[PDB]
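**Student:** Please find one structure pasted underneath; my questions will follow.
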Protein chains: 2
Amino acid sequence: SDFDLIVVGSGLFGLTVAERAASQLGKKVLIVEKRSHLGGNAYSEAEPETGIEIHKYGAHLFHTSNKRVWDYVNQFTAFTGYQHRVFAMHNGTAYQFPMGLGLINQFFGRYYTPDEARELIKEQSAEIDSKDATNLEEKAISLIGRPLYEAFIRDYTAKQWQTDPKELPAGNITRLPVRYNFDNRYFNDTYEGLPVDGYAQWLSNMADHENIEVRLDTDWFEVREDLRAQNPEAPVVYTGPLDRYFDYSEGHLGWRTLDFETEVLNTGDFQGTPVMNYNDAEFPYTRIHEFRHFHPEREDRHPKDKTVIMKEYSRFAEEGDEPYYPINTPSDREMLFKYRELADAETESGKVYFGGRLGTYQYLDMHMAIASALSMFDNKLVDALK
Amino acid sequence: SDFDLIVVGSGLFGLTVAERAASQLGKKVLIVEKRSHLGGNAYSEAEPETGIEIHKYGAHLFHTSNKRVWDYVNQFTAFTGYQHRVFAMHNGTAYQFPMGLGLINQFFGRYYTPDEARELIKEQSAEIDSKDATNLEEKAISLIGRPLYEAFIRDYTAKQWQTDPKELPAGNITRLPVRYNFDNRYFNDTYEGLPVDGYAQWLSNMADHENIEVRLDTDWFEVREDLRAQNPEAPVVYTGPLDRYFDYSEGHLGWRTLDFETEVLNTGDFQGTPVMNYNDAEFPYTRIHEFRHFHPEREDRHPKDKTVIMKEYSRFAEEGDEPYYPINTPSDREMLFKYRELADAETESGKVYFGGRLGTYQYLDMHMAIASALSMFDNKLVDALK
Ligand SMILES: Cc1cc2nc3c(=O)[nH]c(=O)nc-3n(C[C@H](O)[C@H](O)[C@H](O)COP(=O)(O)OP(=O)(O)OC[C@H]3O[C@@H](n4cnc5c(N)ncnc54)[C@H](O)[C@@H]3O)c2cc1C
Ligand SMILES: Cc1cc2nc3c(=O)[nH]c(=O)nc-3n(C[C@H](O)[C@H](O)[C@H](O)COP(=O)(O)OP(=O)(O)OC[C@H]3O[C@@H](n4cnc5c(N)ncnc54)[C@H](O)[C@@H]3O)c2cc1C
Ligand SMILES: CC(=O)N[C@H]1[C@@H](OP(=O)(O)OP(=O)(O)OC[C@H]2O[C@@H](n3ccc(=O)[nH]c3=O)[C@H](O)[C@@H]2O)O[C@H](CO)[C@@H](O)[C@@H]1O
Ligand SMILES: CC(=O)N[C@H]1[C@@H](OP(=O)(O)OP(=O)(O)OC[C@H]2O[C@@H](n3ccc(=O)[nH]c3=O)[C@H](O)[C@@H]2O)O[C@H](CO)[C@@H](O)[C@@H]1O
Ligand code: NA
Ligand code: NA
């Protein structure tokens, strides 16, 4: 046949499943993608005026401690030695971040040794016991104290969730967000970096295989009856929205979205670092990204006098908005279990598998999407394609 | 013969020359080393109580932009992904360092953008023009201003040189020591890291070759007549002290030395970072090293409750003291040119080549010692050993 497997969506989940079927099982794979490009939200592109690589669906930082995943992705791209570091703007000062000896010195006014900082945090947080906390605000204060909570956590959290922290689950904070050393590496994973030639080239390489066909600007729901009629026995891996697949018969799952305000400025350097969080309520955005600093190795291809920045705004996703993060209210959880039983039935009756962020109503980092795809391949698709 | 080449001293210069003759020319090499171990001042060892890797002749950080050197050293050891970062203690606060947007924010009290920081530095330094500066103090102030100079440069410099900065050459500062971004990577080189299994294992691997013989606890000047009588035609590469070789006939070359005060403390973490500079005159040492933090990848072999630190003191080298850094007074320069003519004559008459830090009265980083040895090998020894 012209194809042995259909994959709906070309995000990292779809690309991984397609590439494994193509290269490991020698199967013909048809990828159906609604957007004008491959890669899902990880896709990046050159900004036209400056040539700087930017993102339109969020900045993407790759990091993992999963060696299988790391070895896998390096078949398709090399990675730079980039290490993510973040700074936090509070009350006119840029603080070292996350909370550690650096921030503690800057905020409390003098140097605390590791042991002295441990003592300070015990003092500050003595007010509430974490076992007695009823919401996010209290759970935070129970761990780091009111001054730190009110300076670096309260307004930022309020902006991201569009909700007062007193109205959020104590379960949203599960560990001490304080380091007792000067290490400000943002991620803790064994492997980390950015694709040397950008995300678009990486993701394009994954789909570049003699056995893989890609159809862009194609909505599954508009072509599915025709495609499956060509080869009824070919399974489908669906990574589109779960609720939309079943015609919202159990209601609309709720998502957070993001607005991005992207500007080209007439300076070579706006903030001197890739990411500046804005922790104060007076700034409506949560953080500013300055894209050139994600690739300092590209400096003599970047303009000397221009730079691209992007401000990030958080809100509830309405009709038309890109769905990014599951909200997960108990109402949401409710209709999800209902959709899971529909999906499981659809797999057994129709050979349609559900995966990915949209297909399963679950936020997935890139390495987690890859791991999840590798697992579906190993445990389900190898059998279904014999 | 039992040897084709004699190398005096097993520092990185000696080891490199020995290993190239042994492996590339297939020659028998005898290495004569005065100390009880290989490696010169780069040698490291386990501290007995904790097992932590420490140095007794200064902390050693490897970094280079020379790819030939990098490829060379990786034949003998792998390197960690360690990146050196330093903090500067001034008036009870730990500052981000070197001077950049971080320090500038902490010191001047609020956040300066890259462009605003450039303006600030222009204002502060307007006082003296660098072309009009007569000493180190003025040259520094002419570049960064009095407040920055007096806080982070004056006392530190006074401690290292044991001299008032007003008495030092304007030529000691040659570029703007300020960054207009938040990058606090200490070194700017393409390649950087620490030997995965320590310096001792690395340097030992260089001398580990069927064609290489090593004699420790052996002073060249006590064995040379006997060794050269065994094979008169074998050249010598000498990396011992240049002036001592010629019986101080032109006087004693002057050096700075260092005192190290090493302590085991009953805490798992003393300062939460590998190196803390002490910029204030009230502290007699220039900086404190905490050795466990150079190898965070070794954390579950390190004790949970003990740590090794080391305080560093600078002074003029007297009899008995290890010579570390050339002073380079014009008096020193004078007798050096005289010793160079003696050395050049000794090469032509005796086939003794002079190289390395001590052999040439010149400070050399590890990669610079290697490059210099690779060059002597290529341009001199290949011919002299045919
Ligand atoms: C704002 C944001 C920031 C992120 N930052 C990071 C980060 O820093 N690090 C990290 O590791 N991960 C990050 N991620 C996650 C990253 O994007 C993952 O690669 C992604 O979640 C993987 O899941 P996926 O492949 O299922 O999803 P997607 O990327 O959503 O791909 C699904 C694809 O299916 C297509 N599709 C949908 N419906 C149809 C249909 N009917 N017909 C055809 N095609 C259809 C979509 O157009 C899309 O291309 C971020 C995600 C977001 C949203
Ligand atoms: C305090 C200090 C800190 C340093 N930190 C760094 C750093 O962070 N990064 C970096 O890249 N480099 C650093 N270096 C430089 C590093 O040690 C180099 O590897 C070294 O300078 C290389 O030069 P070399 O091989 O000639 O010298 P050496 O290391 O001095 O080796 C010379 C050898 O010859 C031996 N010798 C002397 N006289 C005789 C004799 N008569 N007979 C036999 N043997 C003899 C000595 O015992 C010694 O082993 C540091 C050096 C010092 C002193
Ligand atoms: C748990 C987690 O990592 N979740 C995701 C989050 O990470 P990321 O590192 O971006 O974390 P966020 O900026 O979203 O902060 C997470 C939470 O930490 C608190 N906070 C954070 C920063 C700050 O300055 N102040 C403050 O209070 C807030 O409660 C906030 O809601 O978005 C990334 C980008 O999609 C994803 O890759 C991550 O998987
Ligand atoms: C130019 C240079 O890199 N020289 C050597 C120096 O580097 P290293 O990075 O250790 O530099 P130092 O700490 O010795 O400082 C060099 C000079 O900078 C000024 N200063 C530095 C720090 C500070 O907090 N305040 C201040 O004023 C002083 O004038 C000082 O004399 O010792 C290392 C260890 O042997 C060597 O590898 C380097 O090759
Ligand atoms: Na508490
Ligand atoms: Na000036």
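Residue numbering restarts at 1 for every chain of the structure tokens, chains are lettered A, B, ... in their displayed order, and ligands are numbered from 1 as they appear.
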DSSP on the backbone, then: every residue of range 136-259 of chain B marked alpha helix (DSSP H), written as a ChimeraX atom specification.
**Tutor:** /B:136-144,146-148,154-161,199-206,220-230,242-245
**Student:** Would you save the residues of that selection, restricted to N, CA and C atoms, as a short mmCIF file (atom, residue, chain, number, x, y, z; two decimals), in the first residue's frame?
**Tutor:**
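This is the output file selection14.cif:
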data_model
loop_
_atom_site.label_atom_id
_atom_site.label_comp_id
_atom_site.auth_asym_id
_atom_site.auth_seq_id
_atom_site.Cartn_x
_atom_site.Cartn_y
_atom_site.Cartn_z
N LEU B 136 49.29 51.93 38.01
CA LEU B 136 48.20 50.96 37.96
C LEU B 136 46.91 51.57 38.49
N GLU B 137 46.98 52.18 39.66
CA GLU B 137 45.83 52.84 40.25
C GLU B 137 45.12 53.77 39.26
N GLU B 138 45.87 54.66 38.62
CA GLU B 138 45.29 55.63 37.69
C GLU B 138 44.73 54.96 36.45
N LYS B 139 45.45 53.96 35.94
CA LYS B 139 45.02 53.26 34.74
C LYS B 139 43.69 52.54 35.03
N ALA B 140 43.59 51.93 36.21
CA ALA B 140 42.35 51.28 36.64
C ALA B 140 41.20 52.29 36.75
N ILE B 141 41.43 53.37 37.49
CA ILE B 141 40.42 54.42 37.64
C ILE B 141 40.03 55.02 36.29
N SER B 142 41.01 55.19 35.41
CA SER B 142 40.74 55.72 34.08
C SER B 142 39.81 54.80 33.27
N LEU B 143 39.69 53.54 33.69
CA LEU B 143 38.86 52.59 32.95
C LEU B 143 37.51 52.33 33.63
N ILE B 144 37.48 52.22 34.96
CA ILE B 144 36.23 51.84 35.62
C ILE B 144 35.72 52.78 36.71
N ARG B 146 36.61 55.39 40.39
CA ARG B 146 37.12 55.18 41.75
C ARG B 146 36.31 54.23 42.62
N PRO B 147 34.97 54.37 42.65
CA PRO B 147 34.25 53.43 43.52
C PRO B 147 34.51 51.95 43.19
N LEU B 148 34.41 51.56 41.92
CA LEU B 148 34.68 50.17 41.54
C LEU B 148 36.13 49.80 41.83
N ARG B 154 41.70 47.56 44.36
CA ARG B 154 42.83 48.13 45.12
C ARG B 154 43.48 47.18 46.12
N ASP B 155 42.72 46.70 47.10
CA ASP B 155 43.28 45.86 48.17
C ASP B 155 43.68 44.48 47.66
N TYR B 156 42.89 43.92 46.75
CA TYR B 156 43.22 42.61 46.20
C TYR B 156 44.56 42.68 45.50
N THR B 157 44.73 43.72 44.69
CA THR B 157 45.96 43.92 43.95
C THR B 157 47.14 44.15 44.91
N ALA B 158 46.91 44.97 45.93
CA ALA B 158 47.92 45.23 46.96
C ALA B 158 48.36 43.94 47.66
N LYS B 159 47.41 43.06 47.95
CA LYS B 159 47.74 41.78 48.59
C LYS B 159 48.57 40.86 47.68
N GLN B 160 48.22 40.77 46.40
CA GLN B 160 48.93 39.88 45.48
C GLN B 160 50.35 40.35 45.17
N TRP B 161 50.51 41.66 45.05
CA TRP B 161 51.80 42.21 44.68
C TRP B 161 52.60 42.70 45.89
N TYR B 199 43.99 15.19 38.32
CA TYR B 199 45.21 15.53 37.62
C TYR B 199 46.26 14.42 37.70
N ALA B 200 46.41 13.80 38.87
CA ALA B 200 47.43 12.77 39.06
C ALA B 200 47.26 11.64 38.04
N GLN B 201 46.03 11.19 37.83
CA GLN B 201 45.79 10.13 36.85
C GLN B 201 46.08 10.61 35.42
N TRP B 202 45.70 11.84 35.11
CA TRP B 202 45.96 12.39 33.78
C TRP B 202 47.47 12.41 33.50
N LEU B 203 48.23 13.02 34.41
CA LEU B 203 49.64 13.26 34.17
C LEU B 203 50.41 11.93 34.18
N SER B 204 49.96 11.01 35.04
CA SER B 204 50.52 9.67 35.07
C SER B 204 50.30 8.93 33.74
N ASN B 205 49.12 9.09 33.15
CA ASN B 205 48.85 8.50 31.83
C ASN B 205 49.78 9.02 30.73
N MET B 206 50.17 10.29 30.82
CA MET B 206 51.07 10.84 29.80
C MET B 206 52.43 10.16 29.83
N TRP B 220 68.61 16.38 38.79
CA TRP B 220 69.47 16.40 37.60
C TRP B 220 70.94 16.71 37.89
N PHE B 221 71.18 17.74 38.71
CA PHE B 221 72.54 18.21 38.95
C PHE B 221 73.37 17.22 39.75
N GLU B 222 72.70 16.27 40.39
CA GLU B 222 73.43 15.24 41.11
C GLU B 222 73.67 13.99 40.27
N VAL B 223 72.91 13.80 39.19
CA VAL B 223 73.11 12.59 38.39
C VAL B 223 73.61 12.87 36.96
N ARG B 224 73.73 14.13 36.55
CA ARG B 224 73.89 14.40 35.12
C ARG B 224 75.18 13.86 34.47
N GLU B 225 76.29 13.88 35.20
CA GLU B 225 77.55 13.50 34.59
C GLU B 225 77.52 12.00 34.29
N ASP B 226 76.99 11.24 35.23
CA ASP B 226 76.82 9.81 35.07
C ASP B 226 75.84 9.46 33.92
N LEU B 227 74.69 10.13 33.88
CA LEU B 227 73.71 9.80 32.84
C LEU B 227 74.23 10.11 31.44
N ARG B 228 74.79 11.30 31.25
CA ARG B 228 75.27 11.67 29.93
C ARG B 228 76.47 10.81 29.51
N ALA B 229 77.26 10.33 30.46
CA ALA B 229 78.35 9.41 30.12
C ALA B 229 77.84 8.08 29.53
N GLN B 230 76.61 7.69 29.86
CA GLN B 230 76.04 6.45 29.33
C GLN B 230 75.70 6.56 27.85
N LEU B 242 66.36 28.23 35.30
CA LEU B 242 67.35 28.74 34.36
C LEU B 242 68.60 29.30 35.03
N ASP B 243 68.41 30.10 36.08
CA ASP B 243 69.55 30.74 36.74
C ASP B 243 70.38 29.71 37.51
N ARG B 244 69.70 28.77 38.16
CA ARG B 244 70.38 27.72 38.91
C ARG B 244 71.25 26.86 37.98
N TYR B 245 70.78 26.61 36.77
CA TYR B 245 71.55 25.83 35.81
C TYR B 245 72.95 26.43 35.61
#
**Student:** Just list the residues in range 43-233 of chain B DSSP gives strand (DSSP E or B) on the backbone, as an MDAnalysis selection string.
**Tutor:** chainID B and resid 44:46 53:55 62:64 79 86:90 93:97 135 169 191:193 195 212:215
**Student:** Limited to N, CA and C atoms, could you put the picked residues into a file as a CSV table (one decimal), in the first residue's frame?
**Tutor:**
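Just written: selection.csv:
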chain,number,residue,atom,x,y,z
B,44,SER,N,47.8,16.7,41.7
B,44,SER,CA,46.8,16.8,42.8
B,44,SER,C,46.7,15.5,43.6
B,45,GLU,N,46.1,15.5,44.7
B,45,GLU,CA,46.1,14.3,45.6
B,45,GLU,C,44.8,14.2,46.5
B,46,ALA,N,44.5,13.1,46.9
B,46,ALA,CA,43.4,12.9,47.9
B,46,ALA,C,43.8,13.5,49.2
B,53,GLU,N,39.7,15.5,46.3
B,53,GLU,CA,40.9,15.8,45.5
B,53,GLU,C,41.3,17.3,45.8
B,54,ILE,N,42.6,17.5,46.2
B,54,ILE,CA,43.1,18.8,46.5
B,54,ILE,C,44.4,19.1,45.8
B,55,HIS,N,44.8,20.3,45.8
B,55,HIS,CA,46.1,20.7,45.3
B,55,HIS,C,47.0,21.3,46.4
B,62,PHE,N,41.7,24.0,33.9
B,62,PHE,CA,42.1,23.8,32.5
B,62,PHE,C,41.1,24.5,31.5
B,63,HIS,N,41.7,25.3,30.6
B,63,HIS,CA,40.9,26.0,29.6
B,63,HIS,C,41.7,26.4,28.4
B,64,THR,N,41.2,26.2,27.2
B,64,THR,CA,42.0,26.6,26.0
B,64,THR,C,41.1,26.8,24.8
B,79,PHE,N,37.5,15.0,30.2
B,79,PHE,CA,37.3,16.2,31.0
B,79,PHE,C,35.8,16.3,31.4
B,86,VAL,N,33.5,32.6,39.7
B,86,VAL,CA,34.1,33.2,40.9
B,86,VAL,C,33.1,34.2,41.5
B,87,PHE,N,33.1,34.3,42.8
B,87,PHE,CA,32.4,35.3,43.5
B,87,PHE,C,33.4,36.2,44.3
B,88,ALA,N,33.1,37.5,44.5
B,88,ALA,CA,34.0,38.4,45.2
B,88,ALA,C,33.4,39.0,46.5
B,89,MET,N,34.0,38.7,47.6
B,89,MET,CA,33.5,39.1,48.9
B,89,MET,C,34.0,40.5,49.2
B,90,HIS,N,33.1,41.5,49.3
B,90,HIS,CA,33.4,42.9,49.6
B,90,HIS,C,32.5,43.4,50.7
B,93,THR,N,29.4,41.3,51.7
B,93,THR,CA,28.5,40.8,50.6
B,93,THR,C,29.3,40.0,49.5
B,94,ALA,N,28.7,38.9,49.1
B,94,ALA,CA,29.2,38.1,47.9
B,94,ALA,C,28.7,38.7,46.6
B,95,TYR,N,29.6,39.3,45.9
B,95,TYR,CA,29.3,39.9,44.6
B,95,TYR,C,29.5,38.9,43.4
B,96,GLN,N,28.5,38.9,42.5
B,96,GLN,CA,28.8,38.3,41.2
B,96,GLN,C,30.0,38.9,40.6
B,97,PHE,N,30.8,38.1,39.9
B,97,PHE,CA,32.1,38.5,39.4
B,97,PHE,C,32.4,37.6,38.1
B,135,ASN,N,50.4,55.2,36.6
B,135,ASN,CA,50.5,53.9,37.3
B,135,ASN,C,49.3,53.0,37.2
B,169,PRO,N,53.1,49.4,37.3
B,169,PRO,CA,53.1,50.0,35.9
B,169,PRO,C,51.7,50.1,35.4
B,191,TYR,N,37.3,25.7,25.0
B,191,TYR,CA,37.3,24.4,25.7
B,191,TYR,C,37.6,24.5,27.2
B,192,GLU,N,36.9,23.8,28.0
B,192,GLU,CA,37.2,24.0,29.4
B,192,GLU,C,36.7,22.7,30.2
B,193,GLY,N,37.4,22.3,31.3
B,193,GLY,CA,36.9,21.3,32.1
B,193,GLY,C,37.9,20.8,33.1
B,195,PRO,N,40.0,17.2,34.6
B,195,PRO,CA,40.2,15.8,34.4
B,195,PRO,C,39.2,14.9,35.2
B,212,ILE,N,59.0,5.0,27.9
B,212,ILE,CA,59.3,6.1,28.9
B,212,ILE,C,59.7,5.5,30.2
B,213,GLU,N,60.9,6.0,30.7
B,213,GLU,CA,61.3,5.6,32.0
B,213,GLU,C,61.3,6.9,32.9
B,214,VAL,N,60.8,6.7,34.1
B,214,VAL,CA,60.7,7.8,35.1
B,214,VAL,C,61.5,7.5,36.3
B,215,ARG,N,62.4,8.4,36.7
B,215,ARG,CA,63.1,8.4,38.0
B,215,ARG,C,62.7,9.6,38.8
**Student:** May I ask which of the residues B:251, B:133, B:82, B:98 is the closest one to ligand 6, counting only C-alpha atoms and all ligand atoms?
**Tutor:**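 Going through B:251, B:133, B:82, B:98 one by one, the smallest distance to ligand 6 is for B:133.
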**Student:** Show me, as a list in words, every residue of chain B with an atom at most 7 Å from chain A, counting only C-alpha atoms.
**Tutor:** residues 92, 93, 94, 105, 110, 111, 113, 114, 180, 181, 182, 269, 270, 271, 272 and 273 of chain B
**Student:** Could you pull out the residues sitting within 7 Å of ligand 1, using only C-alpha atoms and all ligand atoms, and write them as a short mmCIF file (atom, residue, chain, number, x, y, z; two decimals) with N, CA and C atoms, in the first residue's frame?
**Tutor:**
data_model
loop_
_atom_site.label_atom_id
_atom_site.label_comp_id
_atom_site.auth_asym_id
_atom_site.auth_seq_id
_atom_site.Cartn_x
_atom_site.Cartn_y
_atom_site.Cartn_z
N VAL A 8 -1.33 11.47 12.95
CA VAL A 8 -1.96 12.79 12.93
C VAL A 8 -1.19 13.74 13.85
N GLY A 9 -0.59 14.77 13.26
CA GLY A 9 0.16 15.78 14.00
C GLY A 9 1.65 15.51 13.93
N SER A 10 2.44 16.55 13.71
CA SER A 10 3.88 16.38 13.59
C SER A 10 4.66 17.07 14.73
N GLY A 11 4.12 17.04 15.94
CA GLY A 11 4.87 17.45 17.12
C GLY A 11 5.91 16.39 17.44
N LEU A 12 6.61 16.53 18.56
CA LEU A 12 7.66 15.56 18.87
C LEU A 12 7.09 14.17 19.08
N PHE A 13 5.87 14.06 19.60
CA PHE A 13 5.26 12.74 19.76
C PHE A 13 5.04 12.10 18.38
N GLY A 14 4.30 12.78 17.51
CA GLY A 14 4.07 12.28 16.16
C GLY A 14 5.34 11.98 15.37
N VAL A 32 -0.02 13.53 8.74
CA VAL A 32 -1.02 14.56 8.44
C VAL A 32 -0.88 15.69 9.45
N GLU A 33 -0.62 16.90 8.98
CA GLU A 33 -0.37 18.04 9.87
C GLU A 33 -1.22 19.23 9.45
N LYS A 34 -1.96 19.77 10.40
CA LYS A 34 -2.88 20.86 10.15
C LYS A 34 -2.18 22.20 9.84
N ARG A 35 -1.06 22.48 10.50
CA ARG A 35 -0.35 23.75 10.31
C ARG A 35 0.48 23.75 9.02
N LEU A 38 6.13 21.58 10.02
CA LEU A 38 6.39 20.46 10.93
C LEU A 38 6.71 20.92 12.34
N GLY A 39 6.65 20.01 13.30
CA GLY A 39 7.26 20.27 14.60
C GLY A 39 6.36 20.67 15.75
N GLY A 40 5.10 20.96 15.47
CA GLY A 40 4.20 21.37 16.54
C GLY A 40 4.69 22.66 17.18
N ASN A 41 4.53 22.79 18.49
CA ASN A 41 4.88 24.05 19.16
C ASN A 41 6.40 24.25 19.35
N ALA A 42 7.19 23.19 19.12
CA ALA A 42 8.66 23.29 19.22
C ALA A 42 9.29 23.98 18.00
N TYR A 57 5.42 29.82 19.52
CA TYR A 57 4.54 29.08 20.45
C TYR A 57 5.24 28.80 21.77
N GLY A 58 6.07 29.74 22.22
CA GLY A 58 6.80 29.59 23.47
C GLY A 58 8.27 29.27 23.27
N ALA A 59 9.14 29.80 24.14
CA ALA A 59 10.56 29.45 24.09
C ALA A 59 10.71 27.97 24.50
N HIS A 60 11.59 27.24 23.83
CA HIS A 60 11.76 25.80 24.06
C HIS A 60 13.19 25.51 24.49
N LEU A 61 13.33 24.97 25.70
CA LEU A 61 14.64 24.63 26.26
C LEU A 61 14.73 23.12 26.39
N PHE A 62 15.74 22.50 25.78
CA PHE A 62 15.82 21.04 25.84
C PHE A 62 16.71 20.57 27.00
N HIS A 63 16.21 19.63 27.79
CA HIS A 63 16.96 19.11 28.94
C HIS A 63 16.41 17.74 29.32
N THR A 218 -3.21 20.19 6.33
CA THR A 218 -4.22 19.15 6.17
C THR A 218 -4.82 18.76 7.53
N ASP A 219 -6.11 19.04 7.70
CA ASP A 219 -6.85 18.65 8.89
C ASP A 219 -7.34 17.19 8.81
N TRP A 220 -6.91 16.36 9.75
CA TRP A 220 -7.34 14.96 9.81
C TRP A 220 -8.85 14.75 9.60
N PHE A 221 -9.66 15.56 10.28
CA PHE A 221 -11.11 15.36 10.26
C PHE A 221 -11.72 15.67 8.91
N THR A 239 -2.63 12.58 17.57
CA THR A 239 -2.12 13.46 18.63
C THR A 239 -2.83 14.82 18.63
N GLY A 240 -3.99 14.90 17.97
CA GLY A 240 -4.82 16.09 18.04
C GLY A 240 -5.59 16.15 19.36
N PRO A 241 -6.48 17.16 19.52
CA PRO A 241 -7.25 17.30 20.77
C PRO A 241 -8.20 16.11 21.01
N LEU A 258 -1.29 31.39 26.07
CA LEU A 258 -0.32 32.45 26.24
C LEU A 258 -0.41 33.43 25.08
N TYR A 324 -2.42 25.47 25.40
CA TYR A 324 -1.04 25.15 25.78
C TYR A 324 -0.93 24.27 27.03
N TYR A 325 -1.57 24.69 28.13
CA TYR A 325 -1.51 23.97 29.40
C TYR A 325 -2.87 23.55 29.94
N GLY A 355 -2.16 9.82 21.76
CA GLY A 355 -0.90 10.15 22.41
C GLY A 355 -0.63 11.63 22.31
N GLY A 356 0.44 12.08 22.96
CA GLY A 356 0.84 13.47 22.87
C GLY A 356 0.08 14.37 23.83
N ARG A 357 0.46 15.64 23.84
CA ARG A 357 -0.07 16.63 24.77
C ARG A 357 -1.57 16.82 24.58
N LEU A 358 -1.99 17.01 23.34
CA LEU A 358 -3.39 17.25 23.04
C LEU A 358 -4.19 15.95 23.08
N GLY A 359 -3.57 14.85 22.64
CA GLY A 359 -4.28 13.59 22.58
C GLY A 359 -4.58 13.00 23.94
N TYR A 363 0.30 17.97 29.93
CA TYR A 363 1.47 18.71 29.51
C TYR A 363 2.67 17.79 29.41
N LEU A 364 3.41 17.88 28.30
CA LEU A 364 4.62 17.08 28.12
C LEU A 364 5.77 17.93 27.65
N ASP A 365 6.89 17.90 28.38
CA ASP A 365 8.14 18.43 27.86
C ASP A 365 8.55 17.59 26.65
N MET A 366 9.47 18.12 25.85
CA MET A 366 9.93 17.46 24.64
C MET A 366 10.50 16.08 24.89
N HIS A 367 11.35 15.93 25.90
CA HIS A 367 11.91 14.61 26.20
C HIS A 367 10.88 13.63 26.75
N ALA A 369 7.64 13.79 25.83
CA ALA A 369 6.87 13.41 24.65
C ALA A 369 7.62 12.31 23.89
#
**Student:** Looking at A:294, A:260, A:70, A:152, which one is nearest to residue 99 in chain A, with distances taken over only C-alpha atoms?
**Tutor:**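 Of all the options, A:152 lies closest to residue 99 in chain A.
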**Student:** Can you tell me which residues sit at most 6 Å away from ligand 6, counting only C-alpha atoms and all ligand atoms, written as a ChimeraX atom specification?
**Tutor:** /B:125-130,142-143
**Student:** Just want the 12 Å neighbourhood of residue 305 in chain A, counted on only C-alpha atoms, with same-chain residues fewer than 2 positions away dropped. Output as a count of residues only.
**Tutor:** 18
**Student:** To one decimal place in Å, what is the distance between CA of residue 254 in chain A and CA of residue 327 in chain A?
**Tutor:**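 Pair CA of residue 254 in chain A / CA of residue 327 in chain A returns 5.7 Å.
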**Student:** Excluding residue 262 in chain B and residues on its chain fewer than 6 positions from it, collect all residues at most 9 Å away from it, counting only C-alpha atoms, and give them as a count of residues only.
**Tutor:** 6
**Student:** So the first atom is CA of residue 145 in chain B and the second is atom 31 (O, counted along the ligand's line) of ligand 4; what is the distance between them in Å, to one decimal place?
**Tutor:**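 Taking CA of residue 145 in chain B as the start and atom 31 (O, counted along the ligand's line) of ligand 4 as the end point, the length is 17.4 Å.
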**Student:** Which is closest to ligand 5 among A:124, A:362, A:286, A:134, if we use only C-alpha atoms and all ligand atoms?
**Tutor:**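 Smallest distance to ligand 5 is found for A:124.
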**Student:** Neighbours of range 334-340 of chain B within 9 Å (only C-alpha atoms; same-chain residues fewer than 6 positions away dropped), as a tab-separated table (two decimals) with N, CA and C atoms, in the first residue's frame?
**Tutor:**
chain	number	residue	atom	x	y	z
B	242	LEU	N	66.36	28.23	35.30
B	242	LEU	CA	67.35	28.74	34.36
B	242	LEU	C	68.60	29.30	35.03
B	243	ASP	N	68.41	30.10	36.08
B	243	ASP	CA	69.55	30.74	36.74
B	243	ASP	C	70.38	29.71	37.51
B	246	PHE	N	73.02	27.75	35.51
B	246	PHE	CA	74.30	28.44	35.30
B	246	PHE	C	74.87	29.02	36.59
B	249	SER	N	75.48	32.66	38.02
B	249	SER	CA	76.60	33.49	37.60
B	249	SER	C	76.18	34.92	37.21
B	250	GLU	N	74.91	35.11	36.87
B	250	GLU	CA	74.42	36.44	36.51
B	250	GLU	C	73.41	36.96	37.53
B	251	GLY	N	73.35	36.32	38.69
B	251	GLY	CA	72.44	36.71	39.76
B	251	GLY	C	71.17	35.87	39.87
B	252	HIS	N	70.43	36.07	40.96
B	252	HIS	CA	69.19	35.36	41.20
B	252	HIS	C	67.97	36.06	40.63
B	253	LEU	N	67.27	35.35	39.75
B	253	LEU	CA	66.01	35.81	39.20
B	253	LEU	C	64.97	35.81	40.32
B	360	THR	N	62.55	28.95	31.37
B	360	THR	CA	62.54	30.14	30.54
B	360	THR	C	62.14	31.41	31.32
B	361	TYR	N	61.96	31.29	32.63
B	361	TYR	CA	61.51	32.42	33.46
B	361	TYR	C	60.26	33.08	32.88
**Student:** Quick one: residues within 7 Å of residue 84 in chain B, only C-alpha atoms counted, chain neighbours fewer than 5 positions away excluded, as a list in words?
**Tutor:** residues 185, 186 and 187 of chain B
**Student:** Export C-alpha atoms of the chosen residues as a compact mmCIF listing (two decimals), in the first residue's frame?
**Tutor:**
# COMPACT_ATOMS: atom_id res chain seq x y z
CA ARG B 185 31.54 32.46 33.00
CA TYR B 186 35.01 33.25 34.33
CA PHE B 187 37.10 32.08 31.32
